[PDB]
**Student:** 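Here's a structure for you.
Naming: A, B, ... by sequence-line order, numbering from 1 per chain. Computed from heavy atoms alone, side chains included, the values below leave out hydrogens, waters and symmetry copies.
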Amino acid sequence: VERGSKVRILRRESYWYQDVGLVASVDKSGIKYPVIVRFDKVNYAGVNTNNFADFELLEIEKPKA
Amino acid sequence: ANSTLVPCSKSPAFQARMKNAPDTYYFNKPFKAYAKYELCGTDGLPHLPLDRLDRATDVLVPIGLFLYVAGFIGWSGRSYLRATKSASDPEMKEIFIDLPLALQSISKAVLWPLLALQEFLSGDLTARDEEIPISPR
Amino acid sequence: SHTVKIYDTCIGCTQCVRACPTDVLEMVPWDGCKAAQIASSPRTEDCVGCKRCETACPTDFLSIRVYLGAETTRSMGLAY
Amino acid sequence: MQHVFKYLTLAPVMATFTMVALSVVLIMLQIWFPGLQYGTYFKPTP
Amino acid sequence: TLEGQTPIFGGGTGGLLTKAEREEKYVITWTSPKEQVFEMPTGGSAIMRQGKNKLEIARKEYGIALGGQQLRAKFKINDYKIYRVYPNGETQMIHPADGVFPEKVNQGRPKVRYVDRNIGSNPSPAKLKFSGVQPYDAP
Amino acid sequence: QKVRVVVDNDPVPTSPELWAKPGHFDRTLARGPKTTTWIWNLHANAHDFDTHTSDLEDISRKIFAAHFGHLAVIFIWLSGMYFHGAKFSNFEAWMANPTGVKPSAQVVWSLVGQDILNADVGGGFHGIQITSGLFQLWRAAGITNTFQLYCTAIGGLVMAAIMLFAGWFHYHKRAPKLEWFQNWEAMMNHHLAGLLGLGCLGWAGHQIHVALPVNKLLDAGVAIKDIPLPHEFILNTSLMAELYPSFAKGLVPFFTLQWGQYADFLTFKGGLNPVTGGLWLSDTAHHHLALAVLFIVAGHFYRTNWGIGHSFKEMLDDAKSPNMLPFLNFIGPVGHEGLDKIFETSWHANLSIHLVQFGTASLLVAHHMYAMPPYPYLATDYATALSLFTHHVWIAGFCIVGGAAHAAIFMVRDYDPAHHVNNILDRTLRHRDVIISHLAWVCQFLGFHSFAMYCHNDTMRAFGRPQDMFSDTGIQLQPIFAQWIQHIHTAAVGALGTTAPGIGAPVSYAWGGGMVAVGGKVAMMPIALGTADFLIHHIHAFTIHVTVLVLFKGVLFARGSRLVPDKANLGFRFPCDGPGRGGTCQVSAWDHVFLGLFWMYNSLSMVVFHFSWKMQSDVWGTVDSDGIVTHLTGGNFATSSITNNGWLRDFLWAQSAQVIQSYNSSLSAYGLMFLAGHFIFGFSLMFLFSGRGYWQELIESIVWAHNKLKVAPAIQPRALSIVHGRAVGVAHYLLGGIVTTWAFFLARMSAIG
Ligand code: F6C
Ligand code: CLA
Ligand code: CLA
Ligand code: CLA
Ligand code: CLA
Ligand code: CLA
Ligand SMILES: CC1=C(/C=C/C(C)=C/C=C/C(C)=C/C=C/C=C(C)/C=C/C=C(C)/C=C/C2=C(C)CCCC2(C)C)C(C)(C)CCC1
Ligand SMILES: CC1=C(/C=C/C(C)=C/C=C/C(C)=C\C=C\C=C(C)\C=C\C=C(C)\C=C\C2=C(C)CCCC2(C)C)C(C)(C)CCC1
Ligand SMILES: CC1=C(C/C=C(\C)CCC[C@H](C)CCC[C@H](C)CCCC(C)C)C(=O)c2ccccc2C1=O
């Protein structure tokens with residue numbers, strides 16, 4: 001995935017499991033969870049962004065243009 | 001056939017209730033209607049049985065009317081909510097009613113049963129199980 | 001005493017350490033996140049179980065978890 | 001005046017208007033046709 | 001022994017109890033640029049003196065709250081230390097542990113109670129029946 | 001020069017733009033809703049002005065404008081009462097026959113059979129019997145026709161419009177500075193001499209020139225149409241001369257200090273008017289004139305602009321050791337010094353004090369209004385008397401709880417430790433443990449030695465051992481001090497010997513001196529006190545002390561405690577500080593107010609139950625030609641109220657027959673409201689007993705169901721917050737209980753009153 005891509009979350013314990021988010025940035029280093037995903041709906045803590053690894057995301061729409 | 005229920009006009013207790021009534025707007029014509037159309041028990045009060053092939057319209061008419069009204073309200077709400085999803089700020093449209101959108105939703109929901117059948121046939125009525133947020137098992 | 005665990009989803013935002021009212025947590029060097037630091041709980045004997053750290057944690061789900069265990073004088077927050 | 005019109009579209013205001021209209025309709029139905037009961041709707045007055 | 005002068009305080013009912021002399025006690029020491037009024041952790045107002053101040057407290061949370069929410073946040077005092085004093089006179093400086101505030105990352109600090117997985121991969125308790133290990137403590 | 005008027009011109013433009021921006025006053029709420037909690041937060045923080053901004057001047061301007069708005073609301077309500085008394089009442093028929101007509105000022109429409117609620121109230125009128133006492137008030141004021149009530153309603157509407165315009169003007173056009181609001185001396189002078197004093201003077205003038213002559217004619221028995229209009233009593237001085245001869249001498253005795261010649265219309269009789277059962281209107285006229293003089297004198301106590309007067313700051317600073325009394329020097333060498341800053345900066349402390357004093361005033365109103373009925377035909381209108389007493393008792397309890405709550409709010413938010421160094425507030429905070437421990441011990445003592453004694457009475461009666469019961473016939477507990485006070489107050493007027501010779505009749509017949517009957521019903525008679533009264537008064541003491549314990553523990557520990565030392569940083573209103581330290585649920589001062597609401601409800605329910613039962617049992621009743629009094633419940637209170645089985649049977653079960661059998665009658669609405677209050681109490685039980693996690697997970701499942709059909713809302717549904725759930729529970733609980741008691745009382749006293 002890359003910036004602007006639409007993803008479906010596969011992390012089971014995540015508030016956005018099987019929900020749709022938008023990739024804001026991908027970290028190029030070797031950190032455990034480099035992808036940053038923003039969501040339209042907030043979780044129970046009021047947070048609408050999270051960090052995920054590539055294997056926890058399913059790309060559903062390519063970035064525009 | 002049910003024998004414990006007889007027409008209210010032939011029930012002595014219902015007749016006593018009719019005579020003992022106040023003479024106001026609320027009692028005269030209602031009692032005339034109940035005597036003509038209702039079935040009364042031994043207590044003299046109208047009872048509503050669901051065991052008669054006849055007067056089946058008396059059961060189906062209110063049920064159908066309520067089902068139509070409730071489906072109209074539900075379809076209006078659902079169509080409005082689905083129309084507001086494409087917006088940038090749907091929550092603002094849920095605290096601020098978008099009048100043209102609501103009017104369009106109501107006008108379309110006037111024919112809600114046919115639209116619901118069409119949506120069910122085309123698979124547009126429901127979302128698939130894997131695109132719905134769920135808790136861990 | 002209570003048990004405080006830190007999972008690899010920590011982003012090193014230091015909020016849990018700041019939120020702790022009894023200095024149970026501290027930031028230690030790490031390489032699993034961009035901030036290059038991770039939370040740690042070397043002093044869980046002083047943990048009262050208030051779960052302020054969990055409230056302060058921004059990750060989803062929580063990167064820090066508190067499991068209430070055996071109760072001691074200081075874990076019950078007793079001044080007597 | 002446009003701000004007033006936008007205020008009139010608020011969820012509480014619209015809900016109050018809808019409830020008032022429905023209550024008025026039901027009240028007028030009670031006044032015009034008192035004593036309507038299941039098995040009696042849409043039937044001629046005896 | 002711990003050096004410092006106690007703040008001006010007329011007494012109160014939120015002070016030390018039998019636990020202080022029987023089990024343990026805490027002491028918070030700091031240095032202020034001037035004499036000024038602060039709030040005692042258990043109610044009331046005290047006057048901290050210009051030199052080095054020492055305050056006896058019953059719980060570590062009192063000292064943490066006083067040092068963080070009042071000394072640093074309000075009075076801009078950063079040199080406060082919290083010691084644990086036992087009835088036999090043994091004293092250990094417990095805050096800050098290594099001279100650096102815990103919220104600031106410091107080299108040499110080891111990882112304690114770290115789990116090398118996300119929280120959703122904890123095993124189910126049915127796996128560890130009669131084994132005595134909790135799911136969060138599982139390897 | 002120091003006291004002066006300073007304002008800002010056009011500080012806030014008058015535009016409706018922010019009407020379309022809900023939550024604009026709060027930074028968090030301004031961004032719009034993301035969850036349903038946003039709506040509840042918007043409604044909960046609407047009037048918390050000190051969280052809208054940190055500027056005290058803007059806060060004070062908001063207070064002033066909102067007070068004008070509330071005054072407009074009150075004026076609208078008063079205008080509505082007067083208009084309904086002028087247009088949809090039997091007021092004229094009631095004035096014709098006060099003792100044989102039930103007051104009624106509410107008429108229902110006939111659409112769904114609710115016209116059965118139009119009770120036959122006499123005078124050829126069908127309507128709901130009112131218990132507000134408006135008719136007696138209007139009769140005491142000299143009002144005799146509906147046209148005057150209509151004029152008063154129009155004036156009330158005009159006053160409401162004026163108040164609304166005043167609020168708009170003083171917020172959006174000319175907003176006073178913060179310095180204007182901080183003029184304690186000028187405000188006190190103007191509100192003592194100009195508000196209370198001048199209002200008392202004006203009402204005394206209205207009474208003397210209008211109320212006394214009209215009511216004297218009414219009590220003389222002349223018809224309404226033959227009584228001239230009030231203005232005729234002013235233009236034609238001959239009417240004044242005929243009714244009160246002293247009026248023939250004009251104002252000469254007043255200016256020559258020969259006031260004794262005015263004794264014909266400024267009397268000092270005491271007692272009650274035999275014709276009506278209310279207080280003598282000339283007595284009340286002299287009372288209000290004396291109040292006017294005293295308040296005007298008090299209004300020249302504070303120093304504003306001419307050197308003369310006392311200063312709040314100097315007086316507060318002088319009240320400390322060693323300037324106090326020798327046994328009062330424990331308040332320390334600082335004493336009240338530093339308290340002036342509280343009144344400089346804190347609105348919440350003033351609101352707390354004023355709510356407490358409003359509760360005190362309402363309690364005094366209830367007691368002194370049942371004991372010395374001030375209105376004609378009020379004492380014999382039993383339903384009205386009970387309703388007034390209960391209503392004002394409940395208002396007082398709510399006001400006291402609010403005072404405690406806002407005291408806690410001041411402690412959390414406005415209290416500054418630097419302002420209070422070894423002063424009385426600091427010392428109180430420093431021995432709060434002493435205070436709370438002693439209060440808890442005395443609460444336990446009172447609970448045992450009242451309620452456990454009631455349980456002892458229950459068990460002894462069940463054993464068939466009445467001789468072992470705490471009763472007038474067993475082990476007696478005579479309230480000797482209250483009896484002694486009754487005897488002293490009776491002997492003071494001549495009915496420790498004659499310490500008040502000037503009053504002819506007893507000040508109140510409840511203390512003794514005789515009985516007054518009006519229409520064959522008792523207006524007031526001596527209220528004897530025995531073992532049951534001792535027990536019930538100590539029950540009241542126990543309940544009040546426990547309510548004080550809850551509220552005062554909340555206030556004293558608002559900043560923190562040994563458990564959570566930093567509660568002040570957590571705020572006034574927060575759910576908890578986590579399950580740690582064993583569990584810190586409901587530690588906030590708001591939760592203490594939440595519990596104090598329940599305890600106040602309990603205490604006031606017992607107070608009103610005691611009043612109702614004792615009045616029905618020992619005072620109210622009917623008098624035959626021979627002077628023998630038969631009471632409503634026939635003297636049950638002495639033997640039945642000493643056990644709570646007696647309360648369950650002879651008060652709750654027996655006296656609920658009216659409300660429970662009110663179906664198919666004009667009182668059926670009271671039975672419906674009885675059931676409604678029971679339902680609301682049961683409904684509140686789930687908000688009180690449950691927690692929000694369960695409801696959040698259930699909402700999760702329901703949201704899944706809505707998502708399956710593409711009908712889920714963007715504003716995400718959330719369970720109510722913990723504090724919100726507690727607030728909903730307590731609100732519904734109090735509403736249900738109070739409505740149940742209201743329906744019970746009103747049905748019983750409309751049927752048999
Ligand atoms: C569920 C349940 C239930 C049910 C079921 O079903 C019912 C029903 C009944 C019936 C049968 C009758 C009539 C019918 C009609 O109207 O008809 C016409 C119309 C049409 C045909 C049609 C119409 C339609 C519509 C218009 C539509 C719309 C609606 C809406 C939506 C609603 C909602 C709205 C809101 C409310 C506002 C009645 C009536 C009565 N009610 Mg009774 N309900 C109940 C409930 C209730 C409650 C809660 C209470 C209390 C408040 C009461 C009350 C009352 C009174 C007073 C009275 C009278 O008078 C009447 C009579 O007479 O009787 C007989 N009850 N109901
Ligand atoms: C003699 C002068 C005087 C009088 C009568 C009042 C009266 C009042 N002030 Mg006030 N005030 C005064 C001087 C005065 N003030 C001064 C000098 C200051 C500055 C130090 C203030 C500062 C002040 C503040 C900051 C606040 C008040 C508030 C109030 C109201 C309290 C609510 C109440 O009891 O309802 C009484 C109910 C009534 C119906 C009383 C009548 C109301 C009108 C306005 C009285 C008009 C009387 C006038 C002489 C016309 C009479 C005509 C004819 C009968 C002779 C009350 C109306 C509070 C309020 O609610 O503000 C709106 C409030 O927050 N006052
Ligand atoms: C002079 C009277 C007065 C004034 C000016 C205030 C002013 C204030 N109070 Mg306060 N209070 C008062 C009396 C007063 N109170 C009394 C008598 C009590 C005891 C019950 C309280 C208890 C109280 C608490 C516990 C709290 C406040 C708070 C506040 C502040 C925010 C107001 C708020 O939340 O909006 C009110 C907004 C609402 C949504 C309330 C309306 C809902 C009510 C409960 C409905 C009542 C039911 C209805 C009357 C009958 C049934 C209706 C029917 C449809 C069924 C504000 C400074 C809050 C705060 O944060 O202070 C800093 C707070 O937490 N007050
Ligand atoms: C858009 C309107 C709408 C629609 C189509 C539905 C549809 C559904 N709801 Mg639901 N619901 C709604 C609004 C709606 N809800 C609201 C506003 C609430 C909050 C009170 C709830 C609370 C709720 C609960 C608690 C439950 C459901 C359940 C259900 C399901 C079956 C039972 C049922 O019909 O609800 C019955 C209806 C209610 C319980 C209350 C809804 C009545 C509201 C007040 C009508 C609102 C109309 C709306 C304002 C129209 C505006 C449109 C306009 C702008 C054009 C079904 C999928 C149940 C479920 O999961 O079944 C499997 C269930 O347990 N709903
Ligand atoms: C000591 C004060 C006092 C008392 C005892 C009375 C007594 C009376 N008034 Mg009156 N009145 C007062 C002050 C008082 N008034 C003031 C200040 C005004 C406005 C300026 C009025 C305006 C007024 C009108 C317009 C009318 C009456 C009427 C009446 C009679 C009906 C009963 C009643 O109102 O409840 C009695 C009230 C009480 C027992 C207690 C309330 C009095 C105040 C609130 C006490 C405040 C003290 C407070 C708790 C402590 C403050 C703190 C402290 C540090 C100072 C009765 C004789 C009516 C009438 O004509 O009678 C036939 C009537 O129509 N009054
Ligand atoms: C009928 C129910 C009931 C009872 C009995 C109590 C009893 C008590 N509550 Mg309580 N409470 C209740 C309902 C009740 N509450 C509810 C519904 C609420 C919710 C609002 C609260 C909220 C509440 C608060 C917030 C507070 C209390 C407090 C108290 C204590 C007051 C001191 C006292 O009276 O000691 C005397 C004890 C009694 C009168 C209890 C009855 C004793 C019986 C009659 C005699 C027993 C004889 C013997 C000892 C039995 C031994 C035999 C053996 C086999 C066991 C007391 C333990 C206060 C407290 O702790 O005080 C310091 C306090 O702060 N309660
Ligand atoms: C408690 C309450 C209430 C009420 C009550 C009342 C009723 C009150 C009243 C009050 C009042 C009743 C007040 C009054 C005031 C007054 C005033 C304030 C006046 C003034 C005056 C003046 C100022 C004058 C002047 C003059 C002239 C004009 C000319 C010549 C000169 C002279 C100076 C003489 C209610 C129920 C509603 C509600 C709840 C609470
Ligand atoms: C005969 C009859 C009866 C019975 C009946 C029955 C027994 C039935 C059944 C039924 C059933 C067994 C059903 C099922 C169903 C299922 C399902 C699955 C459903 C679904 C639905 C939906 C999906 C909907 C949707 C919608 C619409 C369309 C509109 C509005 C909106 C909404 C979205 C809600 C009775 C006696 C009662 C009465 C008389 C008659
Ligand atoms: C029941 C309950 C809930 C669930 C309640 C919720 C989510 C509030 C629901 C409010 C509704 C949406 C308001 C509207 C209700 C009206 C009756 C709707 C009228 C509709 C007209 C058409 C008649 C909690 O969230 C909760 C939280 C904490 C402690 C206890 C409880 C608790 O007891």
**Student:** Just by modelled atom types, is the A45(A) backbone N or O under 3.5 Å from a matching donor or acceptor in the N43(A) side chain?
**Tutor:** yes
**Student:** Is there a donor-acceptor pair under 3.5 Å between the side chain of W19(F) and the backbone N or O of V4(D)?
**Tutor:** no
**Student:** Is any side-chain heavy atom of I64(C) closer than 4.5 Å to one of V4(C)?
**Tutor:** yes
**Student:** I'd like to know if the side chain of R3(A) and the backbone of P63(A) have a donor-acceptor N/O pair within less than 3.5 Å.
**Tutor:** no
**Student:** Counting only heavy atoms not in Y7(D), do more than 12 fall under 6.0 Å of its OH?
**Tutor:** no
**Student:** Can you tell me if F5(D) has over 12 outside heavy atoms packed within less than 6.0 Å of its CZ?
**Tutor:** no
**Student:** Verify ring pair (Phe, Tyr, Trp, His ring centres under 6.0 Å) between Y41(D) and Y38(D), making sure each step is shown before the conclusion.
**Tutor:** CA-CA 7 Å; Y41(D) 313 114; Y38(D) 289 98; 5.4 Å; yes
**Student:** With side chains defined as the heavy atoms from C-beta onward, is the minimum distance between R726(F) and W590(F) less than 4.5 Å?
**Tutor:** yes
**Student:** Around atom NE2 of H24(F), are there more than 12 heavy atoms from other residues, nucleotides or ligands closer than 6.0 Å?
**Tutor:** yes
**Student:** Would you say the ring centroid of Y733(F) lies under 6.0 angstrom from that of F681(F)?
**Tutor:** yes
**Student:** If only atom types and distance count, is the side chain of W109(F) paired as donor or acceptor with the main-chain N or O of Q114(F) below 3.5 Å?
**Tutor:** no
**Student:** Using a strict 4.0 Å threshold on nitrogen-to-oxygen distance, state whether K51(C) and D577(F) make a salt bridge.
**Tutor:** no
**Student:** Under 4.5 Å between any side-chain heavy atoms of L39(B) and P46(B), yes or no?
**Tutor:** no
**Student:** Which distance, rounded to the nearest 0.5 Å, do you find between the CZ of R78(B) and the NZ of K710(F)?
**Tutor:** 7.0 Å
**Student:** Describe, in one word, how the ring planes of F72(B) and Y68(B) are oriented to each other, choosing from parallel (under 30°), tilted (30 to 60°) and perpendicular (over 60°).
**Tutor:** parallel
**Student:** Whether the side chain of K708(F) engages the backbone of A127(B) through a donor-acceptor N/O pair (distance < 3.5 Å, no angle test) should be reported.
**Tutor:** yes
**Student:** Cation-pi check for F594(F) against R573(F): NZ or CZ below 6.0 Å from the six-membered ring centre and within 45 degrees of the axis, yes or no?
**Tutor:** no
**Student:** Judged by modelled atom types alone, do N2(B) and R52(B) share a side-chain donor-acceptor pair under 3.5 Å?
**Tutor:** no
**Student:** Nearest 0.5 Å, what's the NZ-CG distance between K93(B) and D98(B)?
**Tutor:** 4.5 Å
**Student:** Of all heavy-atom pairs between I132(B) and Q18(A), which one has the smallest distance, and what is that distance?
**Tutor:** O-OE1, 2.8 Å
**Student:** State, yes or no, whether a side-chain contact exists between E13(A) and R11(A) at a heavy-atom distance under 4.5 Å.
**Tutor:** yes
**Student:** Under 3.5 Å, side chain of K85(B) to main-chain N/O of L81(B), donor-acceptor pair present?
**Tutor:** no
**Student:** I need the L597(F) CG to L734(F) CG distance, nearest 0.5 Å.
**Tutor:** 6.0 Å
**Student:** Strictly by modelled atom types, are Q104(B) and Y80(B) linked by a side-chain donor-acceptor pair under 3.5 Å?
**Tutor:** no
**Student:** Supply the atom-to-atom distance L125(B) CG to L115(B) CG, rounded to the nearest 0.5 angstrom.
**Tutor:** 11.0 Å
**Student:** Could you tell me which non-hydrogen atom of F96(B) sits nearest to which non-hydrogen atom of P22(F), and how far apart they are?
**Tutor:** CZ-CD, 3.8 Å
**Student:** For the ring pair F674(F) and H678(F), is the centre-to-centre distance below 6.0 Å?
**Tutor:** yes
**Student:** Using distance alone, with no hydrogens and no angle criterion, decide if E38(B) and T40(D) have a side-chain donor and acceptor under 3.5 Å apart.
**Tutor:** yes
**Student:** Please check if the number of heavy atoms outside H3(D) that lie under 6.0 Å from its NE2 is greater than 12.
**Tutor:** yes
**Student:** Side chains of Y33(A) and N118(E): do they bring a donor and an acceptor to under 3.5 Å?
**Tutor:** no
**Student:** Do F39(A) and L22(A) touch side chain to side chain, with heavy atoms closer than 4.5 Å?
**Tutor:** no
**Student:** Would you say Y44(A) and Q716(F) are linked by a side-chain donor-acceptor pair, where the criterion is simply a distance under 3.5 Å?
**Tutor:** no
**Student:** Would you check if there is a donor-acceptor pair between the side chains of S14(A) and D60(C) at a distance under 3.5 Å?
**Tutor:** yes
**Student:** Report yes if the side chains of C57(C) and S63(C) come closer than 4.5 Å at any heavy-atom pair, otherwise no.
**Tutor:** yes
**Student:** If you draw the axis of the six-membered ring of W695(F), does the NZ or CZ of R692(F) fall within 45° of it and under 6.0 Å from the ring centre?
**Tutor:** no
**Student:** For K127(E), is there any backbone N or O sitting under 3.5 Å from a side-chain donor or acceptor partner on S124(E)?
**Tutor:** no
**Student:** Would a 4.5 Å heavy-atom cut-off, applied to side chains only, mark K43(D) and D58(B) as touching?
**Tutor:** yes
**Student:** Does any part of the side chain of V59(B), heavy atoms only, come nearer than 4.5 Å to the side chain of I63(B), both counted from C-beta?
**Tutor:** yes
**Student:** If only side-chain N and O atoms count, and only distance matters, is there a donor-acceptor pair under 3.5 Å linking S105(B) with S76(B)?
**Tutor:** no
**Student:** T16(D) side chain to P12(D) main-chain N or O, any donor-acceptor pair under 3.5 Å?
**Tutor:** yes
**Student:** Between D8(C) and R117(E), is there a salt bridge with N-O shorter than 4.0 Å?
**Tutor:** no
**Student:** Tell me whether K5(C) forms a cation-pi arrangement with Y67(C), defined as NZ or CZ under 6.0 Å from the six-membered ring centre and within 45 degrees of its axis.
**Tutor:** no
**Student:** Do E119(B) and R82(B) sit within salt-bridge range, that is, some charged N less than 4.0 Å from a carboxylate O?
**Tutor:** yes
**Student:** Return the minimal non-hydrogen interatomic distance between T28(F) and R31(F), and the atom names on each side.
**Tutor:** O-NE, 3.0 Å
**Student:** Sub-3.5 Å donor-acceptor pair from the side chain of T584(F) to the main-chain atoms of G578(F), do we have one?
**Tutor:** yes
**Student:** What distance separates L10(A) CG from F52(A) CZ, expressed to the nearest 0.5 Å?
**Tutor:** 9.5 Å
**Student:** Compare every heavy atom of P713(F) with every heavy atom of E94(B), then report the nearest pair and how far apart it is.
**Tutor:** OE1-CB, 3.7 Å
**Student:** Measuring from atom CG of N122(E) to atom CZ of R65(C), what distance do you get when rounded to the nearest 0.5 angstrom?
**Tutor:** 10.0 Å
**Student:** Tell me whether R27(F) contacts the main-chain N or O of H52(F) through its side chain, where contact means a donor paired with an acceptor under 3.5 Å.
**Tutor:** yes
**Student:** Give a yes or no on whether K108(B) atom NZ has more than 12 heavy-atom contacts from other residues, nucleotides or ligands under 6.0 Å away.
**Tutor:** no
